[PDB]
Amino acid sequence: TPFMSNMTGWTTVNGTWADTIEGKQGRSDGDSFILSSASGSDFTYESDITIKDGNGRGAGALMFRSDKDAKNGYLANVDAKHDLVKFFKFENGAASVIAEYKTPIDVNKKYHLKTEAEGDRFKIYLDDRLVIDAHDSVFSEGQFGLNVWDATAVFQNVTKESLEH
């Protein structure tokens, strides 16, 4: 398929997700989620993310250590509207920010975003530059997925690698 990933069983939670020439595209006003069947504890997880025209030109995100309905877990995003990389958590569907890094995020520019999750430590890299290195102990394991917020965004080369504890 046109979506390149080393993970399978991608199943929509909500929103509109479709594979395009450019990868897997999500589009929603508000938040939307798709989850892979794959789970992980400690890992690297990464994607190319491009925010397209449309909606609110908001955010595209990696989601990880997620429960099955994406109401609990962690996200690392690129947010064109607010020029941020944000690391945050959903708990019972409510978001709380763990750390964020203000940096220009423009529409129609490909970004690479990578998270290294080891124990309760999370390192997040934008275009291979470490931008957040923070701790949170709420969730230790769960599913991988993707999200978009007030945006159309496309994800390509979505890969994970499990790490030893």
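In case it trips you up, residue 1 is the first one in the sequence shown, and so on.
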Selected stretch [higher average CA B-factor]: 59-67 or 45-53: 45-53
Mean Cα B-factor check, 142-150 vs 7-15, entry values; winner is 7-15
Looking at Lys109, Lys102, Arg121, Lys114, which has the biggest Cα B factor in the entry? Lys109
On the chain's distribution of Cα B-factors, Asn72 falls within the third called middle
Looking at the temperature factor on the CA atom of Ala94, which third of the chain's modelled residues does it land in? highest
Entry-reported C-alpha B-factor of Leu126 relative to its chain, by third, is lowest
In terms of the chain's CA B-factor thirds, is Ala38 lowest, middle or highest? highest
